[PDB]
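Letters A, B, ... are given to chains in the order of the sequence lines, protein chains preceding strands, and every chain is numbered from 1.
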Amino acid sequence: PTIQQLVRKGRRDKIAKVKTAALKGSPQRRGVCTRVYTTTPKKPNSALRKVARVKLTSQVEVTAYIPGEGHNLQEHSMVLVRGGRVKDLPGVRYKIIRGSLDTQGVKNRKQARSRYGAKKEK
Amino acid sequence: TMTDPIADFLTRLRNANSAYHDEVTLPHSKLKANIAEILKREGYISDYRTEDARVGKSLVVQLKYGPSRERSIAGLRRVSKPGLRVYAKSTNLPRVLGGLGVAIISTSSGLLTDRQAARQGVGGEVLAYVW
Amino acid sequence: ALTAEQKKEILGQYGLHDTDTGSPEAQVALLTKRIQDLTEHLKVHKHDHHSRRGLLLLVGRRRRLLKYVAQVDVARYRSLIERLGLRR
RNA sequence: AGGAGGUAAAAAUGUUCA
RNA sequence: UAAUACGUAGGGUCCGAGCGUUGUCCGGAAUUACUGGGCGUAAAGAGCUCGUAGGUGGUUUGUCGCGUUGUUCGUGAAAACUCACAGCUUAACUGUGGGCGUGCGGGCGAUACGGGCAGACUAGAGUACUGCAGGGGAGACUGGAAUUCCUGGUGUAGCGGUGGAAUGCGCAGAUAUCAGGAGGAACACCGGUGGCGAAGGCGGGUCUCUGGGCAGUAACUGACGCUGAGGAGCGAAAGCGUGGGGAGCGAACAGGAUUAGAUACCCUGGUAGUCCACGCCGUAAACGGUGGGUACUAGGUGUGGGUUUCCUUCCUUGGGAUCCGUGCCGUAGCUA
RNA sequence: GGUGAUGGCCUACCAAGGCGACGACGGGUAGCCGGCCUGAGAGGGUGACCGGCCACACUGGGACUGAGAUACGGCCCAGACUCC
């Protein structure tokens with residue numbers, strides 16, 4: 001455009017979409033699992049992916065994936081929720097992280113123990 | 001309508017240099033004549049005549065080509081346009097083509113290249129880059 | 001659509017000298033006559049939009065010329081508009 | 001080379017990854 | 001079921017008292033492009049004009065020195081950052097000195113450019129004169145063909161319609177044919193890669209009123225120009241209102257047919273509507289899917305309007321030059 | 001009149017003006033800056049420590065004292081809360 005078009009109307013950057021709004025600026029949140037359950041992923045994939053509807057401290061109820069092989073989670077469990085995209089599960093953007101005072105580490109993890117809350121055994 | 005005969009002059013030059021014309025006739029202005037003088041001195045054209053037209057005066061630029069029709073000019077670029085006038089201080093003058101070019105600068109010491117302007121310690125309106 | 005006689009009549013008393021046509025005073029006078037005639041024509045033939053556009057064009061030309069006169073010398077502008085019956 | 005107009009009525013759809 | 005992408009082992013790699021993850025910001029993103037993008041088809045030209053504010057400004061003389069530029073002074077706290085040095089054993093860190101402090105204000109200069117002021121000029125723009133072309137527009141009147149209907153003769157049994165039929169019209173005299181009449185709408189041929197118009201769009205003829213354009217003359221004014229946010233106006237068709245009109249066509253609707261079904265294509269009819277008057281609406285593939293103005297950049301070929309000129313038949317749409325248009329082709333250049 | 005001081009700061013009267021598309025008035029958000037982070041730079045984001053300015057001190061209002069007051073650890077009132 002012309003310079004006068006710019007000094008009049010100016011450039012406005014496209015608005016970046018706020019993401020993980022349920023955290024409300026926090027890196028993590030605490031929440032009660034209101035409903036632990038399992039979901040079916042998109043068409044190319046098929047599995048029984050473990051999730052929980054969690055009511056965070058931000059007064060927001062969101063779905064959250066439960067990575068790792070096993071999980072001891074029932075309702076009314078205090079859980080720590082981080083961000084992280086799960087592609088095959090469409091309507092989910094949050095994950096649950098072990099070491100939440102309920103979610104103990106995964107059993108027999110021995111490579112990536114930090115990502116699954118597993119203590120070193122020695 | 002016409003809004004900068006400087007750009008008109010540069011464009012007549014560029015298009016004639018692209019079409020390998022030997023002459024470029026256009027209307028006359030003292031500023032365009034001084035610009036043509038700068039281009040002549042820096043060797044981007046062969047010569048320039050100021051003659052009389054039916055009404056006013058005309059500039060006839062005799063352009064320059066090598067033996068194998070090498071264009072003596074490779075580019076012209078108006079910079080201080082109407083709508084956006086650009087002015088250069090003596091320190092932040094522009095180096096055209098890493099210095100192998102020539103920037104026309106209008107100053108109160110007259111019309112003089114960026115080299116001359118940095119020598120004389122002055123700056124002003126950057127009319128063109130004529131590498 | 002003015003005739004040469006009507007034009008020369010107008011130019012006599014709105015032109016500066018004998019052979020002036022291009023003056024703003026003369027042009028504004030001619031355009032004012034044309035605007036009167038065309039306005040009456042349209043008061044009859046209201047749905048002649050193609051001529052009303054020409055009217056709008058003449059109005060704009062007249063406004064431009066009067067703007068030039070008021071820019072140059074305001075007494076000429078005032079004498080012109082009061083002698084033609086104009087508002088501005 | 002120069003020089004009017006035509007007719008086929010309707011007749012659908014396609015689990016899987018590919 | 002033969003996973004270097006899952007899990008584990010080995011082994012390797014990247015870091016290392018850290019390593020990873022999440023969150024937030026910048027980058028990459030020339031992905032809001034001032035530096036540094038674009039809009040024919042990718043998202044992107046308003047439907048088109050008029051015109052306000054604004055932005056922008058042909059040639060030229062002089063001046064102001066506002067912008068601009070040079071120089072100087074003051075300020076731009078310290079810290080920071082940066083350069084150099086020095087010191088904590090090194091480093092981090094710390095200090096010292098300079099630079100930076102991307103600027104602002106005063107002073108003193110320069111005046112090319114922009115701008116202001118005062119002028120001048122005619123190459124833009126506009127006016128005048130002469131001519132020219134044109135479905136440009138509006139109003140009024142009016143013409144013939146054809147359809148339909150009515151009336152009357154002739155005339156008899158089918159007509160109509162389709163892919164093929166059937167609804168239907170007829171046998172109460174249809175179709176067809178002849179004559180006459182009524183009425184409505186549209187205007188064959190001319191009529192086209194043609195003309196005019198800002199676009200929409202404009203085609204029977206005549207009259208009236210009216211707008212725009214082009215060429216030439218160079219008599220005039222003397223940059224008065226260009227664009228134009230918003231705004232205003234115009235704005236196909238459909239539609240709406242009111243009042244007329246209503247032949248044909250014809251959404252809807254109704255039958256018939258086809259069809260598995262057919263709320264459709266086809267047929268038979270047929271209402272609004274199409275038409276007129278005044279007004280609303282304000283959209284369209286309103287498309288060149290290309291905003292306007294200006295200058296320049298190879299040519300060829302058609303065609304429309306006008307000016308001139310040269311062979312001269314001194315016939316002459318014989319040709320050339322030039323202005324304005326409108327098409328086809330084709331360079332350079334541009335383009336995915 | 002008032003102030004330390006200019007001023008609708010306040011008041012009587014007088015005039016009817018003033019601001020707005022160059023965005024008034026409103027709505028939302030937010031302490032500002034040196035600086036910090038990023039970035040080739042322009043720019044974008046940020047306003048932590050450190051340093052400067054502002055504002056506030058339970059909420060709201062008010063003055064007094066004084067050279068000087070948003071008077072945190074001062075006063076008066078009202079309100080909420082806590083306590084005797």
OP1, OP2 of [N] versus side-chain N and O of [X]: anything below 4.0 Å?
X       : N      : value
C:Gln27 : E:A128 : no
B:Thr11 : E:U294 : no
A:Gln28 : E:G23  : no
C:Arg34 : E:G211 : yes
B:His21 : E:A298 : yes
B:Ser29 : E:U59  : yes
C:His41 : E:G137 : no
A:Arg12 : E:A33  : no
B:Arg69 : E:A332 : no
C:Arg64 : E:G51  : yes
A:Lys14 : E:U31  : no
C:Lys7  : E:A128 : yes
C:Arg52 : E:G233 : no

Of C:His45 and C:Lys67, the one whose closest RNA chain E nucleotide lies more 5': C:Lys67

Mind checking whether E:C169 and E:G158 form a Watson-Crick or G-U wobble pair, both distances under 3.5 Å? yes

G-U wobble or Watson-Crick pair formed by E:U151 and E:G131 (both under 3.5 Å):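 Check failed, no canonical or wobble pair found.
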
Any base atoms under 4.0 Å from [X], or only sugar-phosphate, or nothing? Heavy atoms, all strands.
X       : value
C:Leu30 : sugar-phosphate
A:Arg85 : nothing
A:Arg11 : base

Salt bridge check, [Y] against [X]: does any charged N sit closer than 4.0 Å to a carboxylate O?
X        : Y       : value
B:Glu51  : B:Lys57 : no
B:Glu125 : B:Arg85 : yes
C:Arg83  : C:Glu25 : yes

Syn or anti for [N], please, going by whether the chi angle lies within 90° of 0.
N      : value
E:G143 : anti
F:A63  : anti
E:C224 : syn
E:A247 : anti
F:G8   : syn

So if I take every side-chain heavy atom of [X] and compare against [options], which nucleotide ends up nearest?
X        : options               : value
C:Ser51  : E:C50, E:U210, E:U32  : E:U210
A:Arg115 : E:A298, E:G20, E:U8   : E:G20
B:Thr3   : E:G57, E:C220, E:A123 : E:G57
C:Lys46  : E:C50, E:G228, E:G279 : E:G279
C:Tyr68  : E:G70, E:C113, E:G222 : E:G222
C:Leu38  : E:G126, E:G211, E:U52 : E:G211

Quick check for you: to the nearest 0.5 Å, what is the distance between C:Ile35 atom CD1 and C:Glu40 atom CD?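 Atom-to-atom, C:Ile35:CD1 and C:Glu40:CD are 13.0 Å apart.
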
Does the structure place the NZ or CZ of B:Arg71 under 6.0 Å from the centre of the six-membered ring of B:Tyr20, at an angle of no more than 45° from the ring's axis? yes

Hey, does the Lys NZ or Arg CZ of B:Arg12 hover above the aromatic six-ring of B:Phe9, less than 6.0 Å from the centre and inside 45° of the axis?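 Not satisfied by the 6.0 Å and 45° rule.
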
If stacking means ring centres below 5.5 Å and interplanar angle below 30 degrees, are the neighbouring bases E:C224 and E:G225 stacked? no

Taking atom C1' in both E:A199 and E:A284, what distance in whole Å separates the two?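 So the two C1' atoms sit 13 Å from each other.
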
Kindly check the sign of the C1'-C2'-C3'-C4' torsion at E:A5 and name the resulting pucker, north or south.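 Since its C1'-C2'-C3'-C4' torsion is negative, the sugar of E:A5 is on the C2'-endo, or south, side.
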
Is E:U317 a north or a south sugar when classified by the sign of torsion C1'-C2'-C3'-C4'?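 South pucker for E:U317; the sign of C1'-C2'-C3'-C4' is negative.
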
Any C:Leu80 side-chain heavy atom under 4.5 Å of C:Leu66 side chain: yes

Could you tell me which nucleotide pairs with E:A91 by Watson-Crick or G-U wobble geometry, both distances under 3.5 Å, or answer none if nothing does? none

